[PDB]
Amino acid sequence: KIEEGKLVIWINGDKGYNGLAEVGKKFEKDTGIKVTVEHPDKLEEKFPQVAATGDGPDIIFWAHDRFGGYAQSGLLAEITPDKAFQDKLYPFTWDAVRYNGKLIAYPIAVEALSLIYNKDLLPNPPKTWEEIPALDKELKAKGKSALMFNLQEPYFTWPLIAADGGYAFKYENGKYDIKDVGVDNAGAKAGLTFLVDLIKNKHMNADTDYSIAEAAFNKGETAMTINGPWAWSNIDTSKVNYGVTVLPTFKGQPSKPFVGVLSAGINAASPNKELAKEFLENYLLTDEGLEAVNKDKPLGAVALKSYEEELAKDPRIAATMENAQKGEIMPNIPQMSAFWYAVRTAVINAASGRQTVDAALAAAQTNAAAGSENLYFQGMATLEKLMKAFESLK
Amino acid sequence: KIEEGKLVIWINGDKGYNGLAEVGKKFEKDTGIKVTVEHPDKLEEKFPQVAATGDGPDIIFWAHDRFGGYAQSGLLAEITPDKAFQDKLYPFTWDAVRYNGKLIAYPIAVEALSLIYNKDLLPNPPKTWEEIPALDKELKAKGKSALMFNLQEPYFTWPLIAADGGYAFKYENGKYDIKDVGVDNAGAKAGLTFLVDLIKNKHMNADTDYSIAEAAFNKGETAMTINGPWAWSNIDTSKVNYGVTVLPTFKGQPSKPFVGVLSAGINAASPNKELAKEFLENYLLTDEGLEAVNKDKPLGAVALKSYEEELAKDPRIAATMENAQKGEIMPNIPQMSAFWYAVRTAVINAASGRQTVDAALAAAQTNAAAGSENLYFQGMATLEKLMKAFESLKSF
Amino acid sequence: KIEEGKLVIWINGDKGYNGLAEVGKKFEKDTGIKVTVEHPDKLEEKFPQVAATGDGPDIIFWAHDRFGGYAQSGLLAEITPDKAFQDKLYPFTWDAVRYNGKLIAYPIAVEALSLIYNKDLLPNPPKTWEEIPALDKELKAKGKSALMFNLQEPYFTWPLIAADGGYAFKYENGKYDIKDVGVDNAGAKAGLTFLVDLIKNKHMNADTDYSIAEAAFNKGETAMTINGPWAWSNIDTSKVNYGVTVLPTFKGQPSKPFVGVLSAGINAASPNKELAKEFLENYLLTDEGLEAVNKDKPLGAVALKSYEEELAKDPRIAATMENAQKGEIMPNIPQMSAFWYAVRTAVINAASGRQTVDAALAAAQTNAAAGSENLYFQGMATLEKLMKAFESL
Amino acid sequence: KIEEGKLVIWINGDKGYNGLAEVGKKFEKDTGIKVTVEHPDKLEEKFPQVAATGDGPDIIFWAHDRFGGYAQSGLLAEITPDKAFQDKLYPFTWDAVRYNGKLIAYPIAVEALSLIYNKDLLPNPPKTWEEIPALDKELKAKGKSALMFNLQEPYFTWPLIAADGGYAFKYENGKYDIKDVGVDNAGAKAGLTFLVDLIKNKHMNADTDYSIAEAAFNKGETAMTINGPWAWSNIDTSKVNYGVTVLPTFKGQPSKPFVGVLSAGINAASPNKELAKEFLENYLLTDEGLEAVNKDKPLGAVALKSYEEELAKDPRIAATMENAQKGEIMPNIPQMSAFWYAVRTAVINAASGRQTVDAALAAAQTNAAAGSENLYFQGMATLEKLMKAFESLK
Amino acid sequence: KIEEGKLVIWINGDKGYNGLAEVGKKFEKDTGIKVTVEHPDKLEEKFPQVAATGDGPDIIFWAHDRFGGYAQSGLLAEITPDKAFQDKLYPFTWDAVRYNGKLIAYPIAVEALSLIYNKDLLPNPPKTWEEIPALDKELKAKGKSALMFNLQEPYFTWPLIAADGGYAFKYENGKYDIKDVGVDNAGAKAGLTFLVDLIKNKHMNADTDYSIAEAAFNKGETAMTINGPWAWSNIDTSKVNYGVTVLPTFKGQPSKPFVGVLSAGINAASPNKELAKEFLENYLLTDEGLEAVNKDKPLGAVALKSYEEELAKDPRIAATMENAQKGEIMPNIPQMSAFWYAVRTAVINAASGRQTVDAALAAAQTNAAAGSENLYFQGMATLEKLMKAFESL
Ligand SMILES: [Zn+2]
């Protein structure tokens with residue numbers, strides 16, 4: 001059961017939800033429709049259950065990555081945006097909310113990796129990876145390091161790898177093709193061989209995790225770390241003279257990071273899909289609205305072009321955008337699980353020297369392409385051995 | 001092995017099998033060639049085992065859907081009917097007897113669903129789904145129901161779902177494309193939401209199965225059921241005044257049931273495939289032949305144009321045809337196993353309301369469709385039910 | 001939770017339930033306490049679910065064989081009859097309502113196999129199996145047969161097999177030992193070898209079913225069958241001149257058939273256990289009570305000595321008793337599945353002659369003694385093989 | 001094969017392990033013999049693998065419950081203390097270190113459940129279970145509770161159940177007999193029926209787990225919890241006036257809890273079984289020794305009579321002892337696995353009321369007790385849960 | 001395949017079957033009863049198939065170890081030799097042919113493991129294991145080994161292990177108790193720790209199989225192998241000066257090898273059990289009989305006292321006897337399957353050093369018991385692994 005004529009809205013308890021509620025009152029003051037905004041426990045896992053049985057909210061607010069899983073289950077309602085409203089948003093945001101060539105959510109905000117540098121230590125930062133080795137040995141003259149970032153998690157390593165040629169799955173007709181993987185590409189191999197070289201030349205350490213990488217930059221012992229908006233107010237706490245800016249270009253081409261787009265989805269189970277649209281298109285996603293939310297707790301960069309330009313007076317925002325603008329969107333398909341697990345190993349084995357670059361990426365290429373093929377075989381094969389125990393038994 | 005000169009046939013003990021043996025003598029009385037007819041028990045499951053070893057009959061008679069299973073194993077022999085003989089039969093039947101664009105069997109009968117009505121209680125039948133709520137409340141006012149039919153088996157429910165645009169697999173040129181499924185499309189969603197509406201309005205009950213649905217119409221307690229030829233002579237047993245006709249049009253579009261062709265294919269292990277052809281082409285599949293079989297136990301509709309037109313003076317036959325003619329041909333491919341199992345569940349969850357319509361059809365679309373991109377979801381779907389089996393042991 | 005002060009009582013819809021309800025009125029009009037007697041659907045399978053959860057009836061009427069399964073689960077109340085009330089019932093019936101040396105139900109009726117004979121064809125019945133060959137060939141000269149019974153089900157064949165010394169499990173000091181099986185034994189081998197001889201000499205057929213056995217006697221084509229009280233009402237209908245009497249003795253030892261003891265068990269979930277006892281001991285199990293129930297639908301012979309002596313003027317009762325009195329009580333322990341499964345085959349294979357006597361009984365000995373031992377291995381073996389499959393994921 | 005002359009010890013990293021190394025120095029200062037005392041992680045699981053292959057320590061320190069598993073594998077050496085040294089220890093400890101009528105290990109510490117009460121809220125402790133209803137409704141006068149303890153785990157509930165007559169297995173001579181189980185006895189049924197009554201009457205709550213029970217007493221919300229020594233350092237931290245005392249007596253008879261004896265067993269693969277004995281008998285297990293270890297991290301009550309009477313000047317020790325002394329010693333044999341599994345369920349089902357008391361204890365009796373007549377029923381029980389697994393797939 | 005009057009015998013075509021046929025004619029020429037003696041393919045596995053159907057031979061000749069499996073299935077006939085005729089055979093041979101204190105077959109040939117020595121290389125062989133390391137070094141200086149035998153099969157290793165205190169299952173009054181095992185005891189531990197030491201000191205090698213062990217002794221490259229009668233005529237082939245003698249004493253106690261007694265029992269389906277007895281008691285088991293069979297193909301040692309002493313003038317027979325006499329009889333019970341499998345592993349793990357002695361024999365002890373309590377324990381192992389399994393996934 002979901003009542004007609006009142007918008008019920010779910011959104012994460014750390015986001016500008018009170019800022020959204022203020023757009024809720026302005027909505028009631030114009031059309032007399034009551035808006036209710038809640039941050040209930042594990043709302044991302046709760047939504048699936050209540051959305052299937054016809055219950056839950058009208059509008060749902062979460063990372064685009066989960067909305068693939070919803071859209072799959074048929075739990076999201078398609079959106080019908082006029083030509084005008086798509087021009088009001090950045091065009092790459094729409095590529096983040098397309099499931100089987102259909103728009104399924106309104107995009108809100110953008111969250112991508114950036115290169116953070118200690119302005120004191122490095123007044124003019126490097127625009128290319130290639131130059132960072134040169135810069136490292138200069139800073140070893142003061143016993144400091146040029147860069148340290150989390151090497152273990154491939155979320156961080158991938159931006160470099162992708163630059164020349166690397167991709168996870170290929171986007172075709174507005175849908176990812178799970179056969180077509182870019183782990184063994186010329187540029188992906190080339191990228192990792194460069195990153196391995198940095199570790200083997202001792203310009204970086206294989207042990208560098210998030211804990212060490214942020215710690216080292218924040219205590220000024222390294223000149224640069226890689227981390228997006230979430231890590232910023234830990235560097236404010238250390239009061240380090242810091243700038244956030246574009247990631248360095250490998251083989252001249254920009255680093256392609258992965259993006260966590262905040263999106264507004266409409267419940268397929270809502271009767272109030274028209275009000276939801278009216279609200280979202282013409283109240284929330286305007287300079288007045290996003291401001292109200294942003295001012296409660298900031299969104300990083302935003303989907304609305306007009307207001308992004310105003311937020312982009314802050315260069316840390318304008319960098320996080322330009323990096324997301326140059327990067328690829330996080331695939332919402334669940335074959336990513338297999339992709340991560342393999343690439344995580346390939347970095348670690350190339351780091352330790354358990355395998356060569358080309359040898360490790362080859363294992364991942366096979367493990368990632370055939371992750372769809374792997375799970376089904378483990379499934380069907382265990383059911384065949386289940387049937388072989390019981391059918392005999394009687 | 002199989003004796004040279006002598007034809008041996010298997011056919012089910014519900015069919016006019018002695019009547020068919022009489023057509024076997026008509027072959028012996030014209031060319032001196034001997035025919036044996038057997039009604040062996042579980043002949044459809046026996047056939048695979050004896051047909052692989054080289055043994056069994058020359059001719060087998062069974063539903064085309066099972067001949068997919070045989071054709072795969074290579075135990076049916078390809079057929080060469082002249083272009084003329086294809087014009088002698090209805091052309092849509094031939095689309096039910098082809099496997100990977102090659103013919104394996106001669107089609108005989110067509111068994112499709114119809115909408116049957118208690119003509120006392122409603123003399124002139126409803127020609128849309130649209131008006132069923134209106135008609136239901138008319139009958140409830142003195143203690144009858146408009147419609148009641150088996151909701152559990154999707155063979156019955158699917159006709160409505162398919163109407164506006166639903167399909168199982170996309171048939172192109174020669175055969176079905178196993179990636180392209182039509183379970184989540186606009187018309188399939190629309191169809192089910194209408195069937196859900198009937199249950200949520202209390203115009204019909206989610207529990208209504210074959211046992212209750214046939215029982216209640218035969219006792220006159222409801223006006224209309226949906227049922228094929230098999231349930232005719234059980235309405236004769238109750239002797240309730242019944243008329244059988246075309247299914248009602250949803251969204252102006254025809255209702256589309258699945259087409260159950262009784263088919264005659266030929267053992268690859270036969271030396272006597274030419275006699276088989278001679279017999280089948282120019283004895284069984286002739287107005288004289290089918291009549292002899294029909295008169296032992298009736299055939300419903302038939303593939304042979306000339307004799308269907310004679311049987312179709314009976315409007316109940318002519319209806320069962322017109323509904324098969326407007327419906328979609330029953331897939332012989334083994335992705336139907338997945339298609340049935342999932343759609344069966346999606347109906348039941350949409351019926352109870354434990355899932356929504358859209359949520360259930362989405363699960364079926366994923367569970368039925370057999371593309372590369374589905375694989376991870378069918379993978380995750382089996383492991384999520386598997387680990388729920390391991391849980392049950394431990395807490396006991 | 002089962003409301004206090006009031007007895008709810010459950011019994012099979014074919015038994016004298018209205019006759020019991022009248023004992024219910026006599027209870028209400030003497031102590032002011034309401035008796036509720038029901039014919040609930042599948043009451044034997046309903047009881048386990050409701051009785052474990054604390055709901056259901058106070059007092060329950062069923063074959064003793066299921067009350068083993070209940071008593072094990074702890075769903076029955078232990079009962080305390082004075083020494084006098086134990087003498088009021090036949091003493092062998094008490095051995096049928098004992099689980100792990102504890103009494104768990106009151107024994108009511110007795111239901112045992114008897115030798116039914118066509119007085120027309122056989123005016124005086126045979127006292128030994130041994131003499132049936134002599135009698136048989138005389139009656140083949142008349143175009144008839146001396147004996148036919150269901151040979152498939154070992155419930156029928158077993159009484160003969162047991163005679164000289166065969167047993168399923170040994171009942172010792174008021175507890176069954178599942179180690180001690182008597183399927184391969186001097187008397188069990190001897191018994192079957194005699195039954196095999198009858199089939200090998202063509203004095204019987206291996207295919208003889210219940211369907212054929214009843215048919216043949218009731219249409220007079222055979223002179224004797226073995227069958228308990230339930231098959232009486234089909235012999236009356238064909239109006240055949242029939243007498244029922246004690247089973248023939250092999251080597252001078254009694255044929256030992258099996259017994260279906262009707263019992264009254266009390267829910268451990270009852271608060272009204274005192275009234276239950278009061279009712280059952282001093283209303284139902286009295287000449288007045290059982291009569292009322294007996295008159296609604298008859299019970300064959302009965303556990304209450306006093307009223308059995310009145311019922312026993314009917315010789316069909318007095319036979320069914322004397323045969324139960326001389327026979328073995330049905331084990332309530334669930335290792336019996338293994339006993340049946342093996343012995344069922346061993347009869348059939350010895351009958352057809354696919355196995356010899358001693359060879360078949362030996363297979364059953366190993367299958368029956370270690371059927372108890374097998375089930376746990378088949379269980380643990382599938383769980384260890386399941387865990388090896390799930391590990392792979 | 002472990003080096004001759006040098007004693008090498010394992011012990012859990014929570015115990016007075018440096019204090020034990022100090023006994024290692026006093027041993028080296030008396031016979032010149034070198035001592036290694038080590039706290040390797042998961043040493044209870046590590047020992048099985050390394051001890052079979054001939055590797056690992058000479059001496060191992062753990063709860064006797066695991067030493068059944070070791071003794072089975074033949075990994076412990078049989079030990080010969082003179083009649084005098086057996087009199088130096090409490091005699092009931094020896095029945096905790098006896099496997100197939102053979103001594104395997106020297107007993108050290110005792111860890112038993114006790115009734116700890118908030119002397120502020122309840123100056124005098126209750127001496128009977130019977131009294132708990134009376135005292136419960138008294139304490140609702142300030143909205144307080146009489147008792148809260150973990151009702152899920154049968155280590156806690158068993159003390160009451162056993163009191164009138166319940167036992168797991170019967171001890172006759174040196175041997176526990178796995179035929180004779182006491183889960184369905186008059187006293188075991190009576191015990192649980194009383195514990196059920198407390199929940200039925202709402203004098204206690206079915207939800208009560210360790211997390212809530214310890215939390216609530218630490219916040220002074222209730223008058224008494226049940227707990228062994230480990231929870232003492234949590235009640236000091238919250239600053240609650242607590243006394244430890246004897247467990248309350250059901251039907252007049254003692255609450256009989258299970259005894260968690262810390263013991264030193266000696267590797268059968270050690271050549272230094274002579275040094276091991278010399279050390280343990282006449283250094284560690286003397287007033288001077290245990291004190292040294294106790295002073296690093298306290299040992300609770302102890303097996304050595306001599307030192308226990310000095311430790312027992314602390315009444316909380318002397319109570320914890322008295323509860324072990326009046327309780328039953330923790331069975332080392334592996335039918336306990338079955339015993340726990342069933343009794344865990346039977347409590348929970350009798351607590352919720354989904355089975356009756358008698359119905360649940362009967363299920364556990366059948367599921368646990370023996371393997372001659374019971375075999376068919378535990379067999380039927382596993383096939384019925386197996387068939388419940390195949391059911392789920394559909 | 002069984003006829004009345006005519007005796008049909010099955011025996012393996014490695015044994016003196018023609019020598020038995022000569023006893024067949026002497027039987028026909030004295031009591032007029034014709035013998036057929038056959039060498040059927042796979043007759044040990046064939047017998048169960050056609051002995052269950054009532055057919056087969058009347059009399060069958062095989063190792064006593066298999067007759068447990070038959071007797072279980074009920075396929076063997078009981079034998080009644082008078083008290084007098086038991087004195088004619090060595091009494092431990094009768095202890096090989098007993099199912100639940102009832103005799104099933106007549107024992108004919110004794111077969112045990114023996115210590116064979118290269119007479120040239122060691123004229124007087126050692127009477128203790130203890131001295132083998134010392135004696136090995138004496139031969140190592142002349143580029144030879146003291147001892148080599150198949151270490152894979154525990155049939156060979158067991159003689160040493162058993163000596164001090166090892167047994168498989170406890171024989172009490174003519175019955176094996178399958179719970180009571182002697183694998184994890186003082187003398188078994190002591191035995192293996194000695195044999196492990198031989199491998200660890202490199203006085204012997206773990207890789208030694210039968211193929212290598214026979215090869216090495218027969219080519220004279222080692223001074224001693226252990227092997228029974230079957231391996232004699234292969235040592236003749238490259239005839240080294242070789243002698244067979246008693247096994248060495250561990251801790252002063254005899255080595256106890258396993259004894260594979262040739263035995264002759266009776267089809268339960270035979271009518272000719274009395275002729276069978278007549279033949280076996282008073283024709284085959286006489287000096288005249290065994291000689292005739294022995295002369296076709298030698299049987300090594302024999303059960304018949306008088307003729308064994310005449311065969312025993314050959315010391316190689318008299319050794320094979322004395323070794324069987326000091327050894328323990330092979331159990332006919334099929335729980336041996338489990339016992340062997342475990343001891344096979346315990347050798348391998350003690351050989352490699354993957355387990356210690358005590359660790360390995362403990363695993364075997366638990367693997368070897370198979371009874372009421374032991375099945376329950378491997379059941380306990382599955383429930384303990386189940387509880388760990390759900391938490392992990
Ligand atoms: Zn009308």
# chains A, B, ... in the order shown; residues from 1 in each chain; ligands from 1
>>> residues_near_ligand(ligand="ligand 1", cutoff="8 Å", atoms="only C-alpha atoms and all ligand atoms", output="ChimeraX atom specification")
/B:122,135,138
>>> write_last_selection(atoms="C-alpha atoms", output="compact mmCIF listing (two decimals), in the first residue's frame")
# COMPACT_ATOMS: atom_id res chain seq x y z
CA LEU B 122 -25.37 -16.64 -20.96
CA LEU B 135 -20.87 -9.42 -16.61
CA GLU B 138 -24.81 -9.48 -13.24
>>> interface_residues(of="chain D", to="chain C", cutoff="10 Å", atoms="only C-alpha atoms", output="short mmCIF file (atom, residue, chain, number, x, y, z; two decimals) with N, CA, C and O atoms, in the first residue's frame")
data_model
loop_
_atom_site.label_atom_id
_atom_site.label_comp_id
_atom_site.auth_asym_id
_atom_site.auth_seq_id
_atom_site.Cartn_x
_atom_site.Cartn_y
_atom_site.Cartn_z
N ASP D 184 15.55 -35.62 29.90
CA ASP D 184 14.08 -35.80 30.08
C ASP D 184 13.71 -36.24 31.52
O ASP D 184 12.48 -36.48 31.72
N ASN D 349 12.64 -23.39 21.90
CA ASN D 349 11.28 -23.81 21.47
C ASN D 349 10.33 -23.83 22.68
O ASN D 349 9.14 -23.44 22.51
N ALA D 350 10.82 -24.26 23.85
CA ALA D 350 10.06 -24.23 25.13
C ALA D 350 9.89 -22.78 25.59
O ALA D 350 8.85 -22.49 26.20
N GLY D 353 7.50 -21.25 23.10
CA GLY D 353 6.28 -22.06 23.31
C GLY D 353 5.81 -22.76 22.05
O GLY D 353 4.65 -23.21 22.05
N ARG D 354 6.69 -22.88 21.04
CA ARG D 354 6.36 -23.51 19.73
C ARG D 354 6.34 -25.03 19.88
O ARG D 354 5.64 -25.71 19.09
N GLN D 355 7.14 -25.57 20.79
CA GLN D 355 6.92 -26.91 21.43
C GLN D 355 6.55 -26.67 22.91
O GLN D 355 6.80 -25.55 23.40
N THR D 356 5.96 -27.66 23.59
CA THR D 356 5.88 -27.67 25.08
C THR D 356 7.27 -28.00 25.62
O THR D 356 8.15 -28.36 24.81
N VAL D 357 7.45 -27.87 26.93
CA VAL D 357 8.66 -28.34 27.66
C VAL D 357 8.89 -29.82 27.30
O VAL D 357 9.87 -30.08 26.57
N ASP D 358 7.98 -30.71 27.72
CA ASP D 358 8.15 -32.19 27.65
C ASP D 358 8.44 -32.61 26.20
O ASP D 358 9.30 -33.47 26.03
N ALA D 359 7.80 -31.97 25.22
CA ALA D 359 7.93 -32.26 23.76
C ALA D 359 9.35 -31.94 23.27
O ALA D 359 9.88 -32.71 22.45
N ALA D 360 9.91 -30.82 23.74
CA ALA D 360 11.24 -30.31 23.33
C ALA D 360 12.36 -31.16 23.95
O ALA D 360 13.29 -31.54 23.21
N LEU D 361 12.30 -31.41 25.26
CA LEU D 361 13.34 -32.18 26.00
C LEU D 361 13.37 -33.63 25.49
O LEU D 361 14.48 -34.20 25.42
N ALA D 362 12.22 -34.15 25.06
CA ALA D 362 12.09 -35.48 24.44
C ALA D 362 12.84 -35.52 23.10
O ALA D 362 13.52 -36.51 22.86
N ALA D 363 12.69 -34.48 22.28
CA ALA D 363 13.35 -34.31 20.97
C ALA D 363 14.87 -34.33 21.17
O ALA D 363 15.53 -35.06 20.43
N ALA D 364 15.37 -33.59 22.17
CA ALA D 364 16.82 -33.50 22.47
C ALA D 364 17.35 -34.84 23.00
O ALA D 364 18.44 -35.28 22.52
N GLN D 365 16.62 -35.47 23.94
CA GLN D 365 16.92 -36.83 24.48
C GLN D 365 17.18 -37.81 23.31
O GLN D 365 18.18 -38.52 23.35
N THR D 366 16.29 -37.82 22.33
CA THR D 366 16.32 -38.69 21.13
C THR D 366 17.45 -38.24 20.19
O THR D 366 18.14 -39.12 19.66
N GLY D 371 23.65 -44.37 20.90
CA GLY D 371 23.82 -44.91 19.54
C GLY D 371 23.66 -46.43 19.46
O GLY D 371 24.40 -47.02 18.64
N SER D 372 22.75 -47.03 20.25
CA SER D 372 22.26 -48.43 20.05
C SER D 372 20.79 -48.38 19.59
O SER D 372 20.58 -48.62 18.38
N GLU D 373 19.83 -48.00 20.44
CA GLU D 373 18.37 -48.00 20.13
C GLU D 373 17.99 -46.66 19.49
O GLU D 373 17.05 -46.64 18.68
N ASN D 374 18.62 -45.56 19.90
CA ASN D 374 18.38 -44.17 19.42
C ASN D 374 18.78 -43.96 17.95
O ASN D 374 18.36 -42.91 17.37
N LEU D 375 19.66 -44.80 17.40
CA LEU D 375 20.27 -44.63 16.06
C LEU D 375 19.19 -44.36 15.01
O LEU D 375 19.42 -43.40 14.22
N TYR D 376 18.08 -45.12 15.00
CA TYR D 376 17.00 -44.99 13.99
C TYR D 376 16.38 -43.58 14.06
O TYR D 376 16.13 -43.03 12.98
N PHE D 377 16.24 -43.01 15.26
CA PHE D 377 15.49 -41.75 15.50
C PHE D 377 16.33 -40.55 15.07
O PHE D 377 15.76 -39.62 14.42
N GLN D 378 17.62 -40.49 15.46
CA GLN D 378 18.56 -39.42 14.98
C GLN D 378 18.77 -39.58 13.47
O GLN D 378 18.97 -38.55 12.78
N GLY D 379 18.75 -40.83 12.97
CA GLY D 379 18.74 -41.15 11.53
C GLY D 379 17.53 -40.57 10.81
O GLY D 379 17.73 -39.79 9.88
N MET D 380 16.31 -40.88 11.29
CA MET D 380 15.02 -40.31 10.83
C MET D 380 15.06 -38.78 10.93
O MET D 380 14.57 -38.16 9.99
N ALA D 381 15.68 -38.23 11.98
CA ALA D 381 15.76 -36.77 12.27
C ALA D 381 16.59 -36.04 11.22
O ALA D 381 16.19 -34.92 10.86
N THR D 382 17.67 -36.65 10.72
CA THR D 382 18.62 -36.04 9.76
C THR D 382 18.05 -36.12 8.34
O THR D 382 18.22 -35.15 7.59
N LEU D 383 17.37 -37.21 7.99
CA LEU D 383 16.67 -37.42 6.69
C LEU D 383 15.49 -36.45 6.57
O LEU D 383 15.23 -36.00 5.45
N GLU D 384 14.76 -36.19 7.67
CA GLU D 384 13.60 -35.24 7.71
C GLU D 384 14.10 -33.80 7.52
O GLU D 384 13.34 -33.02 6.90
N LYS D 385 15.31 -33.46 8.02
CA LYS D 385 15.93 -32.11 7.81
C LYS D 385 16.61 -32.05 6.44
O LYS D 385 16.68 -30.94 5.86
N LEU D 386 17.13 -33.18 5.94
CA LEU D 386 17.68 -33.32 4.56
C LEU D 386 16.56 -33.04 3.54
O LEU D 386 16.75 -32.17 2.68
#
>>> interface_residues(of="chain C", to="chain E", cutoff="9 Å", atoms="only C-alpha atoms", output="PDB file with C-alpha atoms, in the first residue's frame")
ATOM      1  CA  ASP C 184      17.098 -66.455  10.534  1.00  0.00           C
ATOM      2  CA  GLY C 353      12.209 -69.319  -5.846  1.00  0.00           C
ATOM      3  CA  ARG C 354      14.658 -66.577  -7.054  1.00  0.00           C
ATOM      4  CA  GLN C 355      16.366 -67.149  -3.659  1.00  0.00           C
ATOM      5  CA  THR C 356      16.217 -70.318  -1.477  1.00  0.00           C
ATOM      6  CA  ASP C 358      17.786 -69.812   4.209  1.00  0.00           C
ATOM      7  CA  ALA C 359      19.487 -67.459   1.639  1.00  0.00           C
ATOM      8  CA  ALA C 360      16.534 -64.950   1.621  1.00  0.00           C
ATOM      9  CA  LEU C 361      15.977 -64.934   5.457  1.00  0.00           C
ATOM     10  CA  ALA C 362      19.785 -64.285   5.845  1.00  0.00           C
ATOM     11  CA  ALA C 363      19.477 -61.140   3.619  1.00  0.00           C
ATOM     12  CA  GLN C 365      18.469 -60.780   9.105  1.00  0.00           C
ATOM     13  CA  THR C 366      21.268 -58.414   7.888  1.00  0.00           C
ATOM     14  CA  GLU C 373      22.354 -49.161  11.842  1.00  0.00           C
ATOM     15  CA  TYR C 376      22.147 -43.123  10.391  1.00  0.00           C
ATOM     16  CA  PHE C 377      24.968 -43.903   7.835  1.00  0.00           C
ATOM     17  CA  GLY C 379      21.919 -39.731   6.754  1.00  0.00           C
ATOM     18  CA  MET C 380      25.483 -38.771   7.874  1.00  0.00           C
ATOM     19  CA  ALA C 381      26.897 -39.875   4.419  1.00  0.00           C
ATOM     20  CA  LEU C 383      25.332 -34.463   4.901  1.00  0.00           C
ATOM     21  CA  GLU C 384      29.157 -35.023   4.567  1.00  0.00           C
ATOM     22  CA  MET C 387      29.112 -30.100   2.757  1.00  0.00           C
ATOM     23  CA  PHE C 390      28.739 -26.399  -0.961  1.00  0.00           C
ATOM     24  CA  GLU C 391      32.503 -25.883  -0.056  1.00  0.00           C
ATOM     25  CA  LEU C 393      31.227 -22.123  -4.053  1.00  0.00           C
TER      26      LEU C 393
END
>>> atom_distance(atom1="CA of residue 281 in chain D", atom2="CA of residue 329 in chain D")
22.4 Å
>>> residues_around(residues="residue 5 in chain C", least_positions_apart="5", cutoff="9 Å", atoms="only C-alpha atoms", output="compact mmCIF listing (two decimals) with C-alpha atoms, in the first residue's frame")
# COMPACT_ATOMS: atom_id res chain seq x y z
CA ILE C 33 -18.14 -32.01 33.48
CA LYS C 34 -18.58 -31.56 29.64
CA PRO C 271 -4.53 -30.03 32.84
CA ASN C 272 -7.53 -32.46 33.27
CA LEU C 275 -10.76 -36.44 35.37
>>> closest_atom_pairs(of="chain B", to="chain E", cutoff="10 Å", atoms="only C-alpha atoms", output="Markdown table")
| residue | atom | partner | partner_atom | distance |
| --- | --- | --- | --- | --- |
| B:387 | CA | E:393 | CA | 8.3 |
| B:390 | CA | E:390 | CA | 7.2 |
| B:391 | CA | E:390 | CA | 6.8 |
| B:393 | CA | E:386 | CA | 8.5 |
| B:394 | CA | E:387 | CA | 6.7 |
| B:395 | CA | E:387 | CA | 9.3 |
